[PDB]
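> Protein chains in written order, with the authors' numbering: chain E, 1 to 91, 99 to 326; chain A, 5 to 149, 175 to 301, 312 to 443, 450 to 475, 483 to 548, 552 to 746, 770 to 797, 812 to 863; chain B, 552 to 632.
All residues carry an ideal CB built from backbone N, CA and C; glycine is no exception.
Submitted below is the structure of interest, expressed as structure tokens.
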Amino acid sequence: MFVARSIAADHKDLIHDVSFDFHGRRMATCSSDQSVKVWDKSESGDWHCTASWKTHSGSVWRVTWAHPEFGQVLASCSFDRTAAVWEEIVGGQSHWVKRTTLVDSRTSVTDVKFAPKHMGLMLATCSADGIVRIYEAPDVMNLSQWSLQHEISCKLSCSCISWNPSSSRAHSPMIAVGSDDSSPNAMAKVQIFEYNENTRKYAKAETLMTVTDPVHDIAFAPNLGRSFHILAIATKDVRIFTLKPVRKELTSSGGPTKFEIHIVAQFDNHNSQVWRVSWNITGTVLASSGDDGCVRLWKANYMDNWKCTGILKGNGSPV
Amino acid sequence: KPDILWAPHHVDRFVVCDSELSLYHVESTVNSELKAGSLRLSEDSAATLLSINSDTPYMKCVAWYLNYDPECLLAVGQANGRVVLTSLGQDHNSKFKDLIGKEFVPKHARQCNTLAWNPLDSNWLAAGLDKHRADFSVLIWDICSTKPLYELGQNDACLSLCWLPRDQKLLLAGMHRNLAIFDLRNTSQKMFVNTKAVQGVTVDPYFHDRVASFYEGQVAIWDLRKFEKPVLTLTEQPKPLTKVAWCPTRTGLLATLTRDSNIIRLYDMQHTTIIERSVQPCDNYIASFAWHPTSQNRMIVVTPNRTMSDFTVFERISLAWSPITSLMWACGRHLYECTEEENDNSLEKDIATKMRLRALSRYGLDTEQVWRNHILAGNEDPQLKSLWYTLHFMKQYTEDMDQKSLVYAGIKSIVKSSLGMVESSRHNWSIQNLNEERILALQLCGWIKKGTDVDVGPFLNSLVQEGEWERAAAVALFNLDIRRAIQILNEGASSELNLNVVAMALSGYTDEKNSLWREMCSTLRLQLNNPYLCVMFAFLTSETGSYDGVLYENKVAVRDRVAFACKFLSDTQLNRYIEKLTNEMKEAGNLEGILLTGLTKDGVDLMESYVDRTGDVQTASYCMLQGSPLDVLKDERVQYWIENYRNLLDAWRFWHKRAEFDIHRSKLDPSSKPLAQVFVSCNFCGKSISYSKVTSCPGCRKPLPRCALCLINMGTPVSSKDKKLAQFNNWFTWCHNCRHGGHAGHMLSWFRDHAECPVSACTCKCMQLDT
Amino acid sequence: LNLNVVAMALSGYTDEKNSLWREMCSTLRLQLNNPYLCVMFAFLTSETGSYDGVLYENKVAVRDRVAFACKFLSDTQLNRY
Ligand SMILES: [Zn+2]
Ligand SMILES: [Zn+2]
Ligand SMILES: [Zn+2]
Ligand SMILES: [Zn+2]
């Protein structure tokens with residue numbers, strides 16, 4: 001029940017990543033020539049570029065937005081071992104200005120993500136050496152200053168990370184890390200770290216044993232007040248997992264919360280290496296893209312079972 | 005080794021090499037049916053055979069001439085070493101027919117391994133043949149229009190050869206155990222480096238310094254500027270490789286095909312980690328493949344069964360979502376947006392779209408008559424109708440009781462305290485004699501209107517006007533009046552025939568223990584389609600007290616079953632039945648169980664299960680505010696749902712509707728604390744000036783700040813078609829950065845006509861900061 | 552699907568003088584389509600000896616009526632009919 005259209009946007013080079021703002025009125029796209037462009041939607045519904053500049057010495061992988069409450073902030077990770085933070089200042100032509108650069112990585116910075124709003128202005132970066140670094144800006148009015156708050160070693164090449172968007176008062180912060188190592192040995196590829204208030208340190212909580220193939224993308228789904236967490240894993244086949252916390256005994260509060268892991272959907276319609284996965288706002292529709300040049304939309308049904316609902320092709324031609 | 009080649013200057017012509025060489029032309033077939041003798045290359049593409057040639061048996065190496073004239077000109081070297089120039093085009097005006105059919109024969113019989121044209125000069129053909137005992141392996145000859178122009182590689186094996194794309198006099202060749210680079214200026218001038226991979230030498234068109242080779246399943250890359258060791262080595266494949274090729278329309282893209290594989294492996298060398316991808320063009324093994332020289336990212340593959348497939352190689356796709364459920368993706372250098380089909384059938388749409396539509400239509404704010412919300416729902420769903428009618432009945436009872450709390454406790458709590466009921470041993474076919489709790493339960497179920505009326509006649513007539521004949525008949529029979537049910541069935545059969556035979560069957564009620572009618576009706580009762588008829592006959596045929604068939608029927612509305620259990624079932628087992636039904640409703644998350652649980656912790660659990668099933672928070676938030684007890688509103692989950700709904704409203708920029716919802720929630724829930732903001736303080740006393771001249775501080779009686787434009791001290795009196817005490821034009825306004833301010837109207841006008849802070853020696857552009 | 556309900560109704564045969572069954576079946580049988588059902592119910596509900604309703608039904612084949620009359624009617628009544 002999904003139809004496609006082509007947006008009249010002109011690009012000269014190959015597009016690596018596209019990202020939306022919170023309200024869905026601003027777009028950020030990174031191209032193959034170390035260039036970043038920002039697009040705005042008019043009241044009529046048309047898109048117009050508003051800024052463009054070159055950022056790093058190496059290739060640019062990912063660019064993401066921050067929450068509007070902190071202003072207009074973009075974060076970009078690059079192959080040249082850097083992660084840059086940009087803020088828009090207008091005096099009206101937009102004039103984006105770099106405010107800070109994080110260079111603590113010893114390998115290529117593979118991915119960068121923003122923390123959920125209710126935890127302040129935090130940022131996370133996973134590198135190729137197996138290191139996840141979490142920074143925080145103590146003052147929201149001075150973005151030029153950042154401090155390295157936490158550092159975690161994964162012993163495997165990190166490839167993607169995702170925060171837990173839950174904002175309940177009973178869920179500790181959670182971050183999940185994937186890997187794309189293709190070692191012949193059968194080793195786990197997805198680990199989850201849960202913050203501990205009693206120690207103020209992140210510790211490993213659960214590791215997905217059933218996942219052994221290289222992983223390219225991992226995505227939590229929006230909580231929306233449910234009683235459990237939904238995770239999506241992109242591999243040779245799209246997989247969906249549900250994690251339910253167990254009732255913590257009041258006798259003693261100890262380490263990480265124990266979880267029950269159940270798989271609820273495993274699709275192999277791409278017949279290739281699935282590359283990207285994403286959720287809608289309500290966490291009820293899953294979008295997946297793989298090497299077959301097709302985009303597939305999955306949704307639940309009356310019987311609470313997962314089945315495909317849409318198939319499209321990269322050219323925009325419907326199937 | 006069969007292979008397919010494109011026309012160097014024509015995009016629609018290609019050639020397939022086999023025992024018979026076939027030249028094909030490509031035509032469109034989107035708007036036309038399958039043409040006779042045309043091979044459907046793809047869904048909308050057709051290939052028409054142009055020519056066939058069988059004059060070349062045991063073909064070994066194939067090349068296609070470079071220059072435009074003549075068209076369809078190729079050179080084939082055979083196993084014996086004979087190299088023949090052939091043509092397949094319909095050329096009646098050949099420029100130099102002397103070269104047509106021209107053949108070069110080796111001095112010594114040996115197999116020609118490779119043959120190629122010089123790009124700079126189309127008249128030069130370089131061929132590497134088998135290793136002779138004491139003769140050159142590579143011969144360069146002139147096609148003109175006696176002897177080869179050059180001969181090299183004596184006592185060597187020319188596995189493969191290629192030209193320098195820029196240098197007209199530079200060649201790369203693969204020897205028996207080494208790779209050599211030769212210059213036409215001096216044959217002795219040659220750079221030879223020992224190597225193991227000598228097959229399939231080729232140069233990237235965009236990077237003239239990049240070369241590739243492969244031995245068995247291993248592939249190596251070389252940089253001609255520093256060609257001493259391989260620059261990189263690809264992962265070795267199990268099956269031996271068969272073909273390697275650069276993409277001419279895309280920079281730094283290499284394609285590899287191995288033996289007996291239906292998948293082509295692509296590598297991205299444009300990093301300077313090499314990105315690896317795989318493409319499956321068909322369901323059978325691919326014999327060979329070819330990049331289209333000019334068409335963008337187009338490649339054609341061939342199967343051994345003479346079936347060819349042409350396809351474009353898509354790039355990696357990036358995804359993003361929007362708060363309006365529109366999916367935007369990027370593929371290459373274009374952006375596509377995908378939305379939902381605007382079909383009339385709106386029952387299958389996503390929950391987010393339905394929530395947006397309901398929000399636009401004031402769903403849930405009709406407090407005058409609650410039941411209209413199901414009409415405001417937009418779609419048809421029995422659960423919502425049941426919930427809203429239940430809420431309407433409960434509100435009506437609360438209003439009546441106030442005119443003249451326990452109602453919201455739910456059916457279970459109400460009937461938990463029921464006492465003094467005696468079961469009936471026999472049925473007399475002919483209300484107020486029943487206990488108060490059961491009367492209240494019946495009122496909640498909607499069978500009996502408000503009051504102590506002992507007749508259900510108005511309900512029956514309402515159903516008759518509604519047209520639901522079977523349900524009305526079932527209710528009438530449950531009220532122990534067979535003749536009334538028969539009359540209703542006759543009336544229903546009068547309009548719109553099975554009702555008549557059903558009614559005439561109904562007159563067979565008997566109390567015999569071995570009644571033939573009882574046996575047959577019990578046996579074949581379930582074969583009917585209408586559930587109400589089935590449960591009616593189940594009640595009729597059931598023995599005294601044991602009414603499990605009626606009670607445990609899932610196709611009947613819960614309200615009717617609840618009422619039937621209330622009026623007939625004994626309390627001692629009624630409590631157990633209510634408990635079981637409540638549990639099985641809670642575990643399933645069906646909303647019809649709200650009548651049972653009520654707005655309590657059980658209701659919270661049921662609502663949580665419902666949200667988990669469907670992800671709807673709008674209905675949960677609106678429902679839980681309907682006069683719920685203070686303890687219920689204090690639960691974490693309810694407030695989490697409300698906050699999530701408010702955030703969702705903020706996402707769509709439905710700001711005003713969020714304000715209306717906030718007003719409604721604040722009115723209903725006193726526990727919620729409104730938003731905290733800033734307040735003004737006196738300069739002298741330091742106290743708040745919020746809530770004896772108006773323009774004086776309430777505490778110190780000293781003057782307040784003055785408007786920067788009117789130079790009058792600000793102030794406002796403090797405590812429907814009437815007068816307004818405090819107009820909007822007299823409120824406090826200030827610039828949050830320059831801390832200058834005054835009256836609303838004055839500063840509004842001033843900043844409408846100017847763009848600077850009105851106070852002297854202030855440079856703040858106060859109104860430009862916010863946008 | 553009608554045939555199942557018809558069979559269920561047929562089970563209610565009773566010889567009681569003032570049975571609700573006999574009260575309603577005779578009245579309602581006239582609104583059916585297949586004449587065979589009508590003649591069956593008429594025969595069941597008819598008073599003993601006077602089976603005129605089945606005999607004088609012209610929408611049914613003559614052979615069946617003749618056989619029915621032969622099997623049950625008295626000699627004089629058979630001759631007259
Ligand atoms: Zn004061
Ligand atoms: Zn100022
Ligand atoms: Zn100011
Ligand atoms: Zn003023």
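1) Can you tell me whether DSSP reads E315 of chain A as helix, strand or coil?
2) Could you tell me whether the region 109-123 of chain A touches the region 62-75 of chain A, where touching means 3 or more Cβ pairs closer than 8 Å?
3) Leaving aside the five residues before and after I325 of chain A along the sequence, list all residues of the same chain whose C-beta is less than 8 Å from its C-beta, in chain order.
4) Under 7 Å Cβ-Cβ, which residues of chain B neighbour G644 of chain A?
5) In terms of residues, what are the limits of the beta strand (DSSP E) holding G132 of chain A?
6) With distances taken Cα to Cα, identify the nearest neighbour of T289 of chain E among A:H112, A:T392, A:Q495 and A:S242.
7) Does DSSP put residue 448 of chain A in a helix, in a strand, or in coil?
8) What number of angstroms, rounded off, separates the C-alpha of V15 of chain A from the C-alpha of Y296 of chain A?
9) Where in the region 114-201 of chain E do unbroken runs of the beta strand (DSSP E), each at least 3 residues long, occur, reported from the N-terminal end onward?
10) Is there a Cβ of chain A sitting closer than 8 Å to that of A593 of chain B, yes or no?
11) Check this for me: beta carbons of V248 of chain A and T262 of chain A, under 8 Å apart or not?
12) Which bits of chain E does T364 of chain A rub up against, with CB to CB less than 8 Å?
13) Helix, strand or coil: which one does DSSP assign to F100 of chain A?
14) So, is the C-beta of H157 of chain E closer than 8 Å to a C-beta in chain A?
15) Pull up the distance between the alpha-carbon of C589 of chain A and that of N322 of chain E, whole angstroms please.
16) Should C576 of chain B be flagged as near chain A, meaning a C-beta pair shorter than 8 Å?
17) CA-CA distance, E75 of chain A and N382 of chain A?
18) My output table needs one value for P325 of chain E: the three-state DSSP class, helix, strand or coil.
19) Kindly say whether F511 of chain A, judged by its beta-carbon, lies nearer than 8 Å to any beta-carbon of chain E.
20) Answer yes or no: does any C-beta atom of chain A fall closer than 8 Å to that of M216 of chain E?
21) Would you kindly work out how many angstroms separate the C-alpha atoms of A706 of chain A and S361 of chain A, rounded to a whole number?
22) State the Cα-Cα distance for the pair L14 of chain E and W61 of chain E, rounded to the nearest angstrom.
23) Provide the residue span of the alpha helix (DSSP H) that contains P421 of chain A, from first to last.
24) Residues of chain B with CB closer than 9 Å to the CB of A528 of chain A, please, in chain order.
25) Is there a Cβ from chain B that is less than 8 Å from the Cβ of residue 480 of chain A?
26) Whose Cβ in chain A lies nearer than 9 Å to the Cβ of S562 of chain B?
27) Using beta-carbon positions only, say whether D224 of chain E and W282 of chain E come within less than 8 Å of one another.
28) Following the continuous beta strand (DSSP E) through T637 of chain A, name the residue where it begins and the one where it ends.
29) Helix, strand or coil: which one does DSSP assign to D717 of chain A?
30) Are any of the Cβ atoms in chain E nearer than 8 Å to that of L261 of chain A?
31) Identify which residue in E:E204, E:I7 and E:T29 has its Cα closest to the Cα of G45 of chain E.
32) Is it a yes or a no for the region 500-512 of chain A touching the region 565-581 of chain A, going by three-plus beta-carbon pairs under 8 Å?
33) The region 464-475 of chain A: which residues have C-beta closer than 7 Å to a C-beta of chain B, in chain order?
34) Compare the Cα-Cα distances from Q422 of chain A to each of A:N555, A:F619, A:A675 and A:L492 and report the closest residue.
35) Taking only beta-carbon atoms, is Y375 of chain A less than 8 Å away from chain E?
36) Look at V73 of chain E and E87 of chain E and say whether their C-beta atoms are less than 8 Å apart.
Answer, in terms of the structure:
1) Three-state result, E315 of chain A: strand.
2) With three or more CB-CB distances shorter than 8 Å, the region 109-123 of chain A counts as touching the region 62-75 of chain A.
3) Sequence-distant Cβ neighbours of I325 of chain A in its own chain, meaning closer than 8 Å and more than five residues away, are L286, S290, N291, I293, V340, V341 and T342.
4) Those within 7 Å of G644 of chain A in chain B number zero; the least Cβ separation is about 34 Å.
5) Counting along the chain, the beta strand (DSSP E) containing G132 of chain A begins and ends at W128 to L133.
6) Checking every option, the nearest Cα to that of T289 of chain E belongs to A:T392.
7) Within the gap of chain A, which runs from 443 to 450, lies residue 448 of chain A, and it has no coordinates in the structure.
8) Whole-angstrom Cα-Cα distance: 25 Å.
9) Those beta strand (DSSP E) runs which fall completely within the region 114-201 of chain E and span 3+ residues are 116-121, 129-134, 138-143, 154-160, 165-170 and 181-186.
10) False, the Cβ-Cβ gap to chain A never drops below 8 Å.
11) Cβ atoms of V248 of chain A and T262 of chain A: closer than 8 Å.
12) Against chain E, the beta carbon of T364 of chain A has neighbours under 8 Å at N287, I288 and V292, listed in chain order.
13) The answer is coil: DSSP assigns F100 of chain A none of H, G, I, E or B.
14) By this cut-off, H157 of chain E is not an interface position.
15) Annotation: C589 of chain A to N322 of chain E spans about 55 Å, alpha carbon to alpha carbon.
16) Interface residue, yes.
17) Each residue's Cα considered, the two are about 54 Å apart.
18) Correct three-state label for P325 of chain E: strand.
19) Chain E, which has no Cβ nearer than 8 Å to the Cβ of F511 of chain A, makes this no.
20) So, not an interface residue.
21) Straight-line Cα distance between these residues: approximately 10 Å.
22) For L14 of chain E and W61 of chain E, the distance between alpha carbons rounds to 12 Å.
23) Counting along the chain, the alpha helix (DSSP H) containing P421 of chain A begins and ends at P421 to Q442.
24) Near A528 of chain A there are no residues of chain B at all, since even the closest Cβ is about 16 Å away, more than 9 Å.
25) Missing here is residue 480 of chain A: after 475, the next number in chain A is 483.
26) Residues of chain A passing the Cβ test: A560, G563, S570, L571, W572, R573, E574, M575 and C576.
27) Between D224 of chain E and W282 of chain E, the C-beta spacing is below 8 Å.
28) If you look at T637 of chain A, you'll find it isn't in any beta strand (DSSP E); it sits in the alpha helix (DSSP H) that goes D626 to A643.
29) The answer is helix: DSSP assigns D717 of chain A an H, G or I state.
30) Answer no: the Cβ-Cβ gap between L261 of chain A and chain E never drops below 8 Å.
31) In terms of Cα proximity to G45 of chain E, the closest of E:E204, E:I7 and E:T29 is E:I7.
32) Verdict: no, contact absent.
33) If the cut-off is 7 Å between Cβ atoms, the region 464-475 of chain A has nothing near chain B.
34) Of the listed residues, the one whose Cα sits closest to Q422 of chain A is A:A675.
35) Judged by the 8 Å Cβ criterion, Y375 of chain A is in contact with chain E.
36) Taking 8 Å as the cut-off, the beta carbon of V73 of chain E is found closer than this to the beta carbon of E87 of chain E.
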